[PDB]
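Below is one structure, written out as structure tokens; the observations come after it.
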Amino acid sequence: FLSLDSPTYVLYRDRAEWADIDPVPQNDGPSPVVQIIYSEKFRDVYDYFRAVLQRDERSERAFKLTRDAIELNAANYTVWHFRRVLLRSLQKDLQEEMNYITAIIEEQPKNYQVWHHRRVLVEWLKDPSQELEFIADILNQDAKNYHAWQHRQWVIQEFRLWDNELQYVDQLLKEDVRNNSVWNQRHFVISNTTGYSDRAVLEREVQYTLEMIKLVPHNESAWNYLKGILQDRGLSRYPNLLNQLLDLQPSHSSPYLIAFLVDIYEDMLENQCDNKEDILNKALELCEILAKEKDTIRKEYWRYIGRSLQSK
Amino acid sequence: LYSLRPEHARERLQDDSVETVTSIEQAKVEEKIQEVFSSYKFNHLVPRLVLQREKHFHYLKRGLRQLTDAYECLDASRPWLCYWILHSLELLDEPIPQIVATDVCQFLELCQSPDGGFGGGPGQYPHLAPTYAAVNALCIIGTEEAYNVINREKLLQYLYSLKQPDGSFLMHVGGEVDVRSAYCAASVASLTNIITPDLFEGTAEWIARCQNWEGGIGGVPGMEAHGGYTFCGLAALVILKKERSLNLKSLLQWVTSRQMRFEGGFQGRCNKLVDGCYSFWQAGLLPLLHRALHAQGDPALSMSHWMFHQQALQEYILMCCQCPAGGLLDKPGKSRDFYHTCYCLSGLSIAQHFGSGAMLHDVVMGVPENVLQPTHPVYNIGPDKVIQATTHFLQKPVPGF
Ligand SMILES: N#CC1=C(c2cccc3ccccc23)CN(C(=O)Cc2cncn2Cc2ccc(C#N)cc2)CC1
Ligand SMILES: CC(C)CCC[C@@H](C)CCCC(C)C[C@@H](O)P(=O)(O)O
Ligand SMILES: [Zn+2]
């Protein structure tokens, strides 16, 4: 009704329609700790919130005030709660509120309360029709907002809106092939729609991923994906694997190739294979290269894999 | 210094000539960090890593008393401000005046809800994050008074009020669900000894569903592995004595991959940037994973170090995450706050102190005055406060009903 930013904004205490109420101030106790020096404006809206709330005044003016209280501290979950109560009680137009939360999230896309509030509305309305488009706009400003992806997975799961998400994932992977949120989303999607058991799918995937690897060899996500989709069946159940990867040794090498090989070898050992003695030698040598030369930040881990590779 | 060495410069980012928004940003941090590293060479002084402990103490000491309106945004996280400050001081081995500790106790009492748990400030609805914080604070103090602020019979009610059929908990009534709730509940319930037989029924199973294809744990099943959530999950399982509900192998490969070869510090997600708070959320996962693995009798485990570069993480923090004026931070350029102060320090301490039964290989970078008091890898409070609290509440019966 009156912006906190308006040049002609007036304190609630100075308001005519807010004189029947007495502003309830914060009680931090006679001897405060981590005490915030609020602005006269912040203190004013909240002294009034404490009161309306305390009275449980479920009024339209109370409603308009949570709005200001939310703008002063969007992370105030108590105010967000009372606002939902007012939404039900005053029987407010929720679509109108969907717009509000839409704007607020655009402003604070990393706030926990705003996303949750939106999810509550969508549930109240049983309407997921604006979600993928809104999310995509947020992911357009920050392709890795955790809240945005999480909210997205909920809309897709709950409302079973799977059909065009893989096309979306592919789009974003074209924009930043190093976007781990997308690689994860691709897994979320496939594993919930077709699964990776389907030979054609599995092949299509490994192919595509071997591509992104043999394109940006030092991009870790593609590696963790390829490993992720195969390691759940045994890398060693894929003979050609060790070869093609071995082919990339001088053309697309990174400590990821070496680490993947160390992972295959591990499995050709768990499953027992002829030449296992040499295999173990090759694998331990790789563990020392990674540990001593190729990837020393994790020398504690790499030598530990050397030692475990001993016992098992 | 591992970092200022000449071969370490090869740990620089391999763009593949295929530059994306990610490469660009990573490469940006790397240059700002390189500068810090080369800080010495250019100026002609001998490198001396030192923890501006007094400057940090004066910063913390002030914030425990009052904050500017710049902290209006954490107005619903006050028990957190107590915890962060009272824990940084705790690690800096600084004093907690028998009068200030009381005020803190008195204030938290005002934050506590008649329905159990704690709010973000006087009069706010209880929430598990502030609850977790308040409890940790009260324990750091650790006195009959502090402990006595906590209403255990009400805390169980509250905990039960958030509990979900699938094993997860809400963060607050009408609030969201994600792993933080599981760890928060587990941490406070265990410490105060209110864990009934069916309290965490199915909780370990839900937390295990959060573990994805990356080896890491996400906010909710299906989500991307994230460091803050992985700490919540693992630590929650350690409390419930169910770490084994996870694939610890892959979890290990994942966490260890999170340390930045060139920067030394950790990242919260694959292909994101380094951030000082993750010095604890990510690095703290190895001590947890040491116990876990040794628990299943693992032979190949070290008897002196954690499965991460303790040296590099200490350099990162000491060199790159310290604010001249006091307080620690995300990375160079970023502003200082008590959260990063509390977590860069917590991570330094993790990095400086190893254990493994009766083994004790501490590693202190730079001035030996840089060593911090120890912190428990599950509760993130001094291991002594932990032991002291659990046992004190242990002489109380679990609120049976
Ligand atoms: N101090 C401090 C700051 C925040 C904070 C305040 C109170 C408790 C916390 C607990 C954990 C983490 C941050 C906090 C929130 N911040 C951000 O929002 C931005 C940010 C920067 N690095 C990670 N985040 C995301 C984030 C946000 C909220 C939570 C929670 N709970 C967890 C992670 C930046 C500064
Ligand atoms: C006990 C706890 C409250 C732990 C919180 C741990 C965290 C730092 C969690 C981080 C939450 C998220 C999803 C943050 C993301 O916005 P980002 O990765 O960008 O920082
Ligand atoms: Zn951070």
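Letters A, B, ... go to the chains of the structure tokens in the order shown; residues in each chain start at 1; ligands are counted from 1 in the same order.
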Legend entry - Contacts of residue 241 in chain B at 12 Å (only C-alpha atoms; same-chain gap of 3+ positions) as a PyMOL selection string: chain B and resi 186+190+200+203-204+233-238+244-246+288+291-292+295+378
Find the residues of chain A that sit at most 9 Å from ligand 2; for each, write down the nearest two atoms and how far apart they are in Å, to one decimal. Count only C-alpha atoms and all ligand atoms. Sort by chain, then by number going up, and give it as JSON lines.
```
{"residue": "A:109", "atom": "CA", "partner": "ligand 2", "partner_atom_place_in_ligand_line": "16 (O)", "distance": 8.4}
{"residue": "A:110", "atom": "CA", "partner": "ligand 2", "partner_atom_place_in_ligand_line": "16 (O)", "distance": 5.3}
{"residue": "A:111", "atom": "CA", "partner": "ligand 2", "partner_atom_place_in_ligand_line": "16 (O)", "distance": 8.0}
{"residue": "A:112", "atom": "CA", "partner": "ligand 2", "partner_atom_place_in_ligand_line": "13 (C)", "distance": 8.6}
{"residue": "A:144", "atom": "CA", "partner": "ligand 2", "partner_atom_place_in_ligand_line": "19 (O)", "distance": 7.5}
{"residue": "A:145", "atom": "CA", "partner": "ligand 2", "partner_atom_place_in_ligand_line": "16 (O)", "distance": 6.1}
{"residue": "A:146", "atom": "CA", "partner": "ligand 2", "partner_atom_place_in_ligand_line": "13 (C)", "distance": 5.0}
{"residue": "A:147", "atom": "CA", "partner": "ligand 2", "partner_atom_place_in_ligand_line": "13 (C)", "distance": 6.2}
{"residue": "A:150", "atom": "CA", "partner": "ligand 2", "partner_atom_place_in_ligand_line": "13 (C)", "distance": 8.9}
```
Based on the selection just made, write C-alpha atoms of those residues as a compact mmCIF listing (two decimals), in the first residue's frame.
```txt
# COMPACT_ATOMS: atom_id res chain seq x y z
CA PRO A 109 16.97 -16.48 -5.02
CA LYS A 110 19.06 -18.01 -2.26
CA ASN A 111 16.64 -17.44 0.56
CA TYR A 112 15.13 -20.63 2.04
CA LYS A 144 23.48 -23.35 -10.43
CA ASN A 145 21.08 -21.98 -7.87
CA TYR A 146 20.67 -25.00 -5.61
CA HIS A 147 17.23 -23.92 -4.47
CA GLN A 150 15.73 -28.51 -5.97
```
Compute the chain B side of the contact with chain A at 6 Å, counting only C-alpha atoms, and hand it back as a CSV table (one decimal) with N, CA and C atoms, in the first residue's frame.
```csv
chain,number,residue,atom,x,y,z
B,16,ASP,N,41.3,-26.3,-21.5
B,16,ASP,CA,41.0,-27.1,-22.7
B,16,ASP,C,40.7,-26.3,-23.8
B,20,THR,N,34.1,-21.8,-20.6
B,20,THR,CA,32.6,-21.6,-20.2
B,20,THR,C,32.6,-20.7,-19.0
B,63,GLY,N,31.3,-8.2,18.7
B,63,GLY,CA,30.1,-8.8,18.1
B,63,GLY,C,29.2,-9.6,19.0
B,64,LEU,N,29.9,-10.0,20.1
B,64,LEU,CA,29.1,-10.8,21.1
B,64,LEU,C,28.2,-9.9,21.8
B,65,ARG,N,28.6,-8.6,21.8
B,65,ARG,CA,27.9,-7.6,22.5
B,65,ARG,C,26.9,-6.8,21.7
B,66,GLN,N,27.2,-6.4,20.4
B,66,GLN,CA,26.3,-5.7,19.6
B,66,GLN,C,26.8,-5.7,18.1
B,67,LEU,N,25.9,-5.6,17.2
B,67,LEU,CA,26.1,-5.5,15.8
B,67,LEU,C,25.5,-4.3,15.1
B,68,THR,N,26.0,-3.9,14.0
B,68,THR,CA,25.4,-2.7,13.3
B,68,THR,C,24.2,-3.2,12.6
B,69,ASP,N,23.4,-2.3,12.0
B,69,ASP,CA,22.2,-2.6,11.2
B,69,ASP,C,22.6,-3.5,10.0
B,73,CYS,N,19.9,-8.5,8.6
B,73,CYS,CA,19.6,-9.7,7.8
B,73,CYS,C,19.7,-11.1,8.5
B,76,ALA,N,17.0,-13.2,12.5
B,76,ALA,CA,16.3,-14.4,12.8
B,76,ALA,C,17.3,-15.5,13.0
B,124,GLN,N,10.5,-15.6,18.5
B,124,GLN,CA,10.3,-16.2,17.2
B,124,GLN,C,10.0,-17.7,17.3
B,125,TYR,N,9.3,-18.2,16.3
B,125,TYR,CA,8.9,-19.6,16.3
B,125,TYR,C,10.1,-20.5,16.3
B,176,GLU,N,10.3,-26.0,5.5
B,176,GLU,CA,10.9,-26.9,4.5
B,176,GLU,C,11.7,-28.2,5.1
B,213,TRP,N,24.7,-40.2,-7.4
B,213,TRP,CA,25.8,-40.7,-8.3
B,213,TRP,C,27.2,-40.2,-8.2
B,224,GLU,N,21.9,-32.5,-6.2
B,224,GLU,CA,23.4,-32.5,-6.4
B,224,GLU,C,24.1,-32.6,-5.1
B,261,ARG,N,43.3,-28.3,-6.0
B,261,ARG,CA,44.7,-28.5,-6.3
B,261,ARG,C,45.5,-27.2,-6.2
B,300,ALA,N,44.6,-50.0,5.7
B,300,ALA,CA,45.3,-48.9,4.9
B,300,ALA,C,45.3,-47.5,5.4
B,307,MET,N,42.8,-37.8,5.4
B,307,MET,CA,42.9,-38.0,3.9
B,307,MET,C,42.6,-36.8,3.0
B,308,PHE,N,43.3,-35.7,3.4
B,308,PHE,CA,43.3,-34.5,2.6
B,308,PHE,C,44.6,-33.7,2.9
B,309,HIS,N,45.0,-32.8,2.1
B,309,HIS,CA,46.3,-32.1,2.3
B,309,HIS,C,46.1,-31.1,3.5
```
Check which residues of chain B sit at most 8 Å from ligand 3 using only C-alpha atoms and all ligand atoms, and return one row each with the closest pair of atoms and their distance in Å to one decimal, ordered by chain and rising number, as JSON lines.
```
{"residue": "B:275", "atom": "CA", "partner": "ligand 3", "partner_atom_place_in_ligand_line": "1 (Zn)", "distance": 4.8}
{"residue": "B:276", "atom": "CA", "partner": "ligand 3", "partner_atom_place_in_ligand_line": "1 (Zn)", "distance": 5.5}
{"residue": "B:277", "atom": "CA", "partner": "ligand 3", "partner_atom_place_in_ligand_line": "1 (Zn)", "distance": 4.3}
{"residue": "B:278", "atom": "CA", "partner": "ligand 3", "partner_atom_place_in_ligand_line": "1 (Zn)", "distance": 6.4}
{"residue": "B:329", "atom": "CA", "partner": "ligand 3", "partner_atom_place_in_ligand_line": "1 (Zn)", "distance": 7.5}
{"residue": "B:330", "atom": "CA", "partner": "ligand 3", "partner_atom_place_in_ligand_line": "1 (Zn)", "distance": 4.9}
{"residue": "B:339", "atom": "CA", "partner": "ligand 3", "partner_atom_place_in_ligand_line": "1 (Zn)", "distance": 7.9}
{"residue": "B:340", "atom": "CA", "partner": "ligand 3", "partner_atom_place_in_ligand_line": "1 (Zn)", "distance": 6.1}
```
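Atom pair CA of residue 71 in chain B / CA of residue 151 in chain B: separated by 28.4 Å.
Taking only C-alpha atoms, the non-local environment of range 2-5 of chain A within 9 Å (same-chain residues fewer than 3 positions away omitted) comprises residues 8, 9, 10, 41, 64, 68, 71 and 72 of chain A.
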Residues from the last selection, C-alpha atoms, saved as a PDB file, in the first residue's frame:
```
ATOM      1  CA  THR A   8       6.902   9.881   1.255  1.00  0.00           C
ATOM      2  CA  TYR A   9       7.040   6.773   3.410  1.00  0.00           C
ATOM      3  CA  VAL A  10       5.881   7.332   6.986  1.00  0.00           C
ATOM      4  CA  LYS A  41      12.545   2.042  10.230  1.00  0.00           C
ATOM      5  CA  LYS A  64       0.146  -5.433   4.234  1.00  0.00           C
ATOM      6  CA  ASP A  68       7.199  -4.589   4.799  1.00  0.00           C
ATOM      7  CA  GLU A  71      11.251  -6.739   2.863  1.00  0.00           C
ATOM      8  CA  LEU A  72      13.262  -5.623   5.894  1.00  0.00           C
TER       9      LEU A  72
END
```
Inset, instruction - Within 10 Å of range 21-38 of chain B, counting only C-alpha atoms, which residues show up once you throw out same-chain ones fewer than 2 positions away? Write them as JSON, numbers by chain, please. - result: {"A": [143, 175, 176, 177, 178, 179, 219], "B": [1, 3, 4, 5, 9, 12, 13, 14, 15, 16, 17, 18, 19, 40, 41, 42, 43, 47, 262, 263, 271, 272, 273, 274, 315, 316, 319, 320, 331, 332, 333]}
Taking N, CA, C and O atoms for each residue, export the selection above as a compact mmCIF listing (two decimals), in the first residue's frame.
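Ended up saving to again12.txt:
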```
# COMPACT_ATOMS: atom_id res chain seq x y z
N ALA A 143 22.81 -20.32 -13.34
CA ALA A 143 22.64 -21.70 -13.76
C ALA A 143 22.90 -22.76 -12.70
O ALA A 143 22.78 -23.95 -13.01
N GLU A 175 25.35 -24.74 -23.01
CA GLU A 175 25.76 -23.44 -22.50
C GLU A 175 27.01 -23.52 -21.62
O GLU A 175 27.88 -22.66 -21.71
N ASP A 176 27.10 -24.54 -20.78
CA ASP A 176 28.25 -24.70 -19.88
C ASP A 176 28.36 -26.19 -19.57
O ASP A 176 27.73 -26.70 -18.63
N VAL A 177 29.16 -26.89 -20.36
CA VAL A 177 29.32 -28.31 -20.17
C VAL A 177 29.93 -28.65 -18.81
O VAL A 177 29.94 -29.82 -18.37
N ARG A 178 30.43 -27.63 -18.12
CA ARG A 178 30.99 -27.86 -16.80
C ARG A 178 29.93 -27.62 -15.72
O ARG A 178 30.26 -27.54 -14.53
N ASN A 179 28.66 -27.49 -16.11
CA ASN A 179 27.61 -27.25 -15.11
C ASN A 179 27.14 -28.52 -14.41
O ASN A 179 26.19 -29.19 -14.85
N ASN A 219 37.45 -31.37 -17.73
CA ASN A 219 36.15 -31.06 -17.12
C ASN A 219 35.78 -32.29 -16.28
O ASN A 219 35.51 -33.37 -16.79
N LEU B 1 56.78 -23.26 1.63
CA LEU B 1 55.32 -23.46 1.70
C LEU B 1 54.90 -24.25 0.47
O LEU B 1 55.33 -23.94 -0.65
N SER B 3 52.30 -24.19 -1.19
CA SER B 3 51.72 -23.25 -2.15
C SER B 3 52.66 -22.32 -2.88
O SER B 3 52.49 -22.08 -4.06
N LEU B 4 53.63 -21.76 -2.18
CA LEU B 4 54.53 -20.80 -2.81
C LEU B 4 55.60 -21.48 -3.64
O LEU B 4 56.44 -20.81 -4.26
N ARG B 5 55.59 -22.82 -3.67
CA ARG B 5 56.57 -23.56 -4.48
C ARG B 5 56.32 -23.32 -5.99
O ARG B 5 55.25 -22.88 -6.40
N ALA B 9 52.62 -24.25 -9.41
CA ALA B 9 52.08 -23.40 -10.45
C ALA B 9 51.55 -24.20 -11.62
O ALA B 9 50.94 -23.66 -12.53
N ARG B 12 47.63 -25.05 -11.90
CA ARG B 12 46.76 -24.04 -12.47
C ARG B 12 45.72 -24.68 -13.39
O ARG B 12 45.97 -25.77 -13.92
N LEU B 13 44.58 -24.02 -13.60
CA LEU B 13 43.48 -24.54 -14.43
C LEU B 13 43.73 -24.82 -15.92
O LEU B 13 44.20 -23.96 -16.67
N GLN B 14 43.40 -26.04 -16.33
CA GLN B 14 43.52 -26.47 -17.71
C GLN B 14 42.15 -26.21 -18.32
O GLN B 14 41.22 -27.01 -18.13
N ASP B 15 42.07 -25.13 -19.08
CA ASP B 15 40.83 -24.69 -19.72
C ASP B 15 40.35 -25.56 -20.89
O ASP B 15 39.16 -25.58 -21.21
N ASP B 16 41.28 -26.27 -21.52
CA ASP B 16 41.01 -27.13 -22.66
C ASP B 16 40.69 -26.25 -23.85
O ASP B 16 40.30 -26.73 -24.90
N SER B 17 40.88 -24.95 -23.66
CA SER B 17 40.60 -23.94 -24.69
C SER B 17 39.11 -23.83 -24.93
O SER B 17 38.64 -23.07 -25.78
N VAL B 18 38.36 -24.63 -24.18
CA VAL B 18 36.93 -24.63 -24.27
C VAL B 18 36.49 -23.89 -23.02
O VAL B 18 36.21 -24.50 -21.98
N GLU B 19 36.44 -22.57 -23.11
CA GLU B 19 36.06 -21.76 -21.95
C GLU B 19 34.53 -21.56 -21.77
O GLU B 19 33.81 -21.16 -22.70
N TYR B 40 54.65 -12.34 -1.18
CA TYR B 40 56.00 -12.31 -0.65
C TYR B 40 57.12 -11.94 -1.62
O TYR B 40 57.90 -10.98 -1.39
N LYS B 41 57.21 -12.71 -2.70
CA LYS B 41 58.21 -12.49 -3.72
C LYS B 41 58.33 -11.00 -4.10
O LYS B 41 59.41 -10.39 -4.01
N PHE B 42 57.21 -10.41 -4.51
CA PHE B 42 57.18 -9.02 -4.93
C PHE B 42 57.69 -8.05 -3.86
O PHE B 42 58.36 -7.06 -4.18
N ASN B 43 57.39 -8.32 -2.59
CA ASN B 43 57.78 -7.38 -1.54
C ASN B 43 59.12 -7.58 -0.83
O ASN B 43 59.56 -6.71 -0.08
N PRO B 47 58.28 -15.14 4.10
CA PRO B 47 56.89 -15.45 4.45
C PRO B 47 56.70 -15.88 5.90
O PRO B 47 57.40 -16.77 6.39
N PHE B 262 45.00 -26.15 -6.88
CA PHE B 262 45.75 -24.92 -6.92
C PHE B 262 45.53 -24.02 -5.72
O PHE B 262 46.46 -23.40 -5.24
N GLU B 263 44.30 -23.92 -5.23
CA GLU B 263 44.05 -23.02 -4.10
C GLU B 263 44.35 -23.61 -2.75
O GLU B 263 44.80 -22.91 -1.85
N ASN B 271 33.08 -28.45 -9.56
CA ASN B 271 33.05 -27.33 -10.49
C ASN B 271 32.49 -25.99 -9.97
O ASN B 271 31.97 -25.19 -10.73
N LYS B 272 32.59 -25.74 -8.67
CA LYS B 272 32.18 -24.46 -8.10
C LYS B 272 33.52 -23.86 -7.65
O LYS B 272 34.58 -24.38 -8.00
N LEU B 273 33.48 -22.77 -6.90
CA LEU B 273 34.73 -22.16 -6.46
C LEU B 273 35.06 -22.49 -5.01
O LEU B 273 34.22 -23.06 -4.30
N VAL B 274 36.29 -22.19 -4.61
CA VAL B 274 36.70 -22.43 -3.24
C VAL B 274 35.93 -21.49 -2.35
O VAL B 274 35.45 -20.45 -2.79
N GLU B 315 47.38 -23.24 4.58
CA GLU B 315 47.99 -22.14 3.88
C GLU B 315 46.86 -21.30 3.32
O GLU B 315 46.82 -20.08 3.55
N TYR B 316 45.94 -21.95 2.61
CA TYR B 316 44.80 -21.25 2.04
C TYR B 316 44.17 -20.31 3.07
O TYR B 316 44.07 -19.09 2.87
N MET B 319 46.77 -17.61 4.62
CA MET B 319 47.17 -16.64 3.62
C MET B 319 46.02 -15.92 2.98
O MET B 319 46.01 -14.70 2.93
N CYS B 320 45.02 -16.67 2.52
CA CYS B 320 43.89 -16.07 1.80
C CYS B 320 42.57 -15.68 2.50
O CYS B 320 41.86 -14.78 2.03
N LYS B 331 36.81 -15.79 0.60
CA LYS B 331 38.02 -15.82 -0.19
C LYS B 331 38.41 -14.36 -0.32
O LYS B 331 37.64 -13.49 0.07
N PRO B 332 39.59 -14.06 -0.87
CA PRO B 332 40.00 -12.66 -1.00
C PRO B 332 38.99 -11.81 -1.76
O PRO B 332 38.51 -12.20 -2.81
N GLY B 333 38.69 -10.64 -1.19
CA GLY B 333 37.74 -9.72 -1.79
C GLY B 333 36.43 -9.74 -1.04
O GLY B 333 35.81 -8.71 -0.82
```
Legend entry - 12 Å contact set for residue 52 in chain A, only C-alpha atoms, chain neighbours under 2 positions out, as a ChimeraX atom specification: /A:18,20-25,45-50,54-66,69,79,82-83,86
